[PDB]
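A short worksheet on the structure shown next.
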Amino acid sequence: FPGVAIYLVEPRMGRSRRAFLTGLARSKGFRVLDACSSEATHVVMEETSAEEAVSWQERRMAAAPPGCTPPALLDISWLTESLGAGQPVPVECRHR
Amino acid sequence: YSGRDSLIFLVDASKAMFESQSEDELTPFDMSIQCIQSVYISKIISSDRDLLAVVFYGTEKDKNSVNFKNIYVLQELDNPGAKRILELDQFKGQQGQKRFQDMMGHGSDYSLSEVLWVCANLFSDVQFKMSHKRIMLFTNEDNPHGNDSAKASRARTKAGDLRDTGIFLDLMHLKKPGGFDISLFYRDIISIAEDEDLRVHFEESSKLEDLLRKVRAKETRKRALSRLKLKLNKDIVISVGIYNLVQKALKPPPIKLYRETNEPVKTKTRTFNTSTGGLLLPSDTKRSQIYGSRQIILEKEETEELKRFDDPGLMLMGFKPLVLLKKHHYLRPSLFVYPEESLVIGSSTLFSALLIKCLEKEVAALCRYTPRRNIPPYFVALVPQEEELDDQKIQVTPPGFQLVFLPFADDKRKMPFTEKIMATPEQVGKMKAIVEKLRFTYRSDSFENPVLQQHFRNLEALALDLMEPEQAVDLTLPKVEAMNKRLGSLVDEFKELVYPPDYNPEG
Amino acid sequence: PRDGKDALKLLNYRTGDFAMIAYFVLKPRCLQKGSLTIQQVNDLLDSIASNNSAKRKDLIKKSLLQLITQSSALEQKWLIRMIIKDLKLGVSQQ
Amino acid sequence: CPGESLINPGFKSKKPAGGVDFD
DNA sequence: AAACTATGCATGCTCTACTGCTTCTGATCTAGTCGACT
DNA sequence: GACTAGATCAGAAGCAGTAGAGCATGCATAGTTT
């Protein structure tokens, strides 16, 4: 599934957890970008509130090209469910 | 006794305190500094939550809230630490004396009323509850105010007011060229004037020896582990408290620090699924145990509920002769059971009657013990314990019950069968002679833990940056030389009488 | 002391004026020669008034402590009378 | 109250440990 | 007959949790002073 | 009324002690392979 891009925020979940999640996603076929890039389409946070998420989105936009599609804020539940099912899961309001 | 103990070290800064009678002798100021340092170290090791202060009087500079003259509060009431010890260390030697003179000065006048006022102000600032208020006066001037009588009257009035407030005053009189005389002025200021403390002393006070004796063992205030109910039957209940008169001493728990900046870190444990990566709280997971080539799954709640037998407390079962109790059946350190009248009124009378009758009939109360909820019951014996006092009437054995645990059938282990060989009377006599030669009196506080003492010494050396750690003498090591000298030839005769010519015990 | 004789005398003054009781209490507990000039006393009273109008009591306590420690018994009595604004001398304003 | 510990009020002073001293 | 490995025991150190006692702190309340009004 | 300041109660934090599990280390004991 090269169509979709998944990025995990390092500075809020820890190095070991991020490495384990990336390894599991890679073994499951998902492609995870090690470094932040414009091609990212899904962003997953961990133990975070709405205010911190929106501030992170603003910071990311502050150094992003115009006329693009910023990723969608998602919770770790979405990633865990997608890994468990083995295929991408539809996004709902709770994940957003 | 609830609260904290606060102590203030008043040190005179007069000229007479900086003069040494003999070349190879310690000046009074250095002795006072050493005593303060020793007390600081002892407090750090034993009671780190106590408050200490250091104040000087008779100096040229001043530092106090009220802005009096010739009173420099070097350290206010605060918990002891290595920083204060290091700060005091810069006055220990002669160069330290010069540094102290330069920083503050010496040879100025003073008034004891102002000193006591500053001490009272320092005491009032503390916000924590203070069980004890104490001041110590390190001085060698029995007549601080001989020229003026109004100053003496003001000092007397201030000392009386402080005594009424509840502040203890102690005088650690030091050596004087002429001789200290308490009767002159300090009979009234001092809180308690002992009958023996009326003659002219030609040497420093004996309390300095006690102060210089470092105590490196933790002190714990009285506390009750549990306050349970003794149930003679379903409807007769009394309230008792349990205490641990003996408790193992352990090193303070280590703390995890960061290498770069010595900043404490926080450790977190988590459990995650391997195939999904999600985080599981300690309720999603179950418990398992493989018995009979099969898997048995129990929930956490059921596993905890497996241990529910009866409500916490002690339930009476009967009375057993003390002879049936066995010394070698030790299973766990014993506890102490005392009355507790707060919960139930009338417990003390029944407890006293039971203790008296158990002592009279030499019986022990067999009971079923459940310390906390969801803990399997145990079988214990309450042995009466009478009140025993020493020569000076200081209590050495309190009155109450001794709770001793009794082993179950699973706590005993079978022993290999060994044939019995009996020694002849001559061998037993020689061994009796050896034992008599190696006789000594035993006390419960005649030994110290080498590991804890060495740990404390190393910690102090590291904190104070001392040149080398102080080595602690181990009293638990056998005295081989003394034993060999005392035994004499008895060992050779015993070995000849018990061992064949070619035995080689070592091999 | 809260329950001491001096505290009971000061508090229970039959609300022999309070100034005399304070003078008697402080006579054996204060110095014999002060060092505060009129200007310093006026400045301290001005500070006390300004702080009272500003709703601050810590600095009022500090100023009162300074006055107490830098004054004799007679000076303290006269200062108390001035604060109470009941200075009686036998001669009227006229 | 003789024997009270000066350093720690409310606790009885403890004599230094003497180890073993043969009679 | 000798060497390697499975099995077990005894002990010290550490994370983790839980229960109970004591002390500190935030929150709920009456006396003194100035001021408003009538 | 309003403010400020005293004094009273109840909940939370610290600490002590216990229990369970795991790890590491060391040692001993017995079974299997060559």
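The sequence lines fix the lettering, A, B, ..., with proteins before strands; numbering per chain opens at 1. Computed from heavy atoms alone, side chains included, the values below leave out hydrogens, waters and symmetry copies.
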- Message: Measuring from the side chain of C:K57 (C-beta onward, heavy atoms only), which nucleotide among E:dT14, F:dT4, F:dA16 has the closest atom?
- Response: F:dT4

- Message: For a quick test of reading the model: is some side-chain N or O of B:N374 closer than 4.0 Å to OP1 or OP2 of E:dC18?
- Response: no

- Options F:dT18, F:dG17, E:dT16, nucleotide nearest the side-chain atoms of B:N244: F:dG17

- Task: Assign F:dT25 to north (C3'-endo side) or south (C2'-endo side) according to its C1'-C2'-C3'-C4' torsion.
- Result: north

- Between B:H132 and B:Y1, is the gap from one ring center to the other below 6.0 Å? yes

- Message: With a 4.0 Å cutoff (strictly under), does any side-chain N or O of B:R413 reach OP1 or OP2 of E:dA10?
- Response: yes

- Message: For a quick test of reading the model: is some side-chain N or O of B:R332 closer than 4.0 Å to OP1 or OP2 of F:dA19?
- Response: yes

- Query: Who does F:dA7 pair with, Watson-Crick or G-U, both distances under 3.5 Å?
  - Reply: E:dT28

- Query: Hey, do the aromatic rings of B:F272 and A:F20 have their centres closer than 6.0 Å?
  - Reply: yes

- Item | Under-4.0 Å side-chain N/O to phosphate OP1/OP2 contact, B:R227 with E:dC21 | yes

- Partner of B:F401 under ring-ring contact (aromatic ring centres under 6.0 Å, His included), picked from B:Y338, B:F336, B:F351, is B:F351

- Message: Among E:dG20, F:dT4, E:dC24, which nucleotide has an atom closest to any side-chain atom of C:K55?
- Response: F:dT4

- Pick from B:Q453, B:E460, B:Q454: which one makes a side-chain hydrogen bond (donor to acceptor under 3.5 Å, both in side chains) with B:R457? B:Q453

- Message: Please confirm whether the shortest side-chain N or O distance from B:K256 to OP1 or OP2 of E:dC15 is below 4.0 Å.
- Response: yes

- Query: Considering every strand shown, what is the Watson-Crick or G-U wobble mate of E:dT38 when both distances are under 3.5 Å?
  - Reply: none

- Item | Opposite nucleotide pairing with F:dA13, Watson-Crick or G-U, both atom distances under 3.5 Å | E:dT22

- Query: Below 4.0 angstrom from OP1 or OP2 of F:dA16, is there any side-chain N or O of B:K218?
  - Reply: yes

- Counting just side-chain N and O atoms, does B:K307 come under 4.0 Å of either OP1 or OP2 of F:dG20? yes

- Query: Does E:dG20 have OP1 or OP2 sitting under 4.0 Å from an N or O in the side chain of B:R373?
  - Reply: yes

- Query: Using 30° and 60° as the class limits, which term best fits the ring planes of B:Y378 and B:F408: parallel, tilted or perpendicular?
  - Reply: tilted

- Torsion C1'-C2'-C3'-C4' of E:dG26, interpreted as north if positive, south if negative: south

- Please state whether the phosphate of E:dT16, meaning OP1 or OP2, lies under 4.0 angstrom from any side-chain nitrogen or oxygen of B:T267. yes

- Indicate whether OP1 or OP2 belonging to F:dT18 is found under 4.0 Å from a side-chain N or O atom of B:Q247. yes

- Task: Report the nucleotide, chosen from F:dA19, E:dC21, E:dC24, that has the shortest atom-to-atom distance to any side-chain atom of B:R372.
- Result: F:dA19

- Item | Comparing B:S2 and B:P312 on DNA chain E - which has the more 5′ nearest nucleotide | B:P312

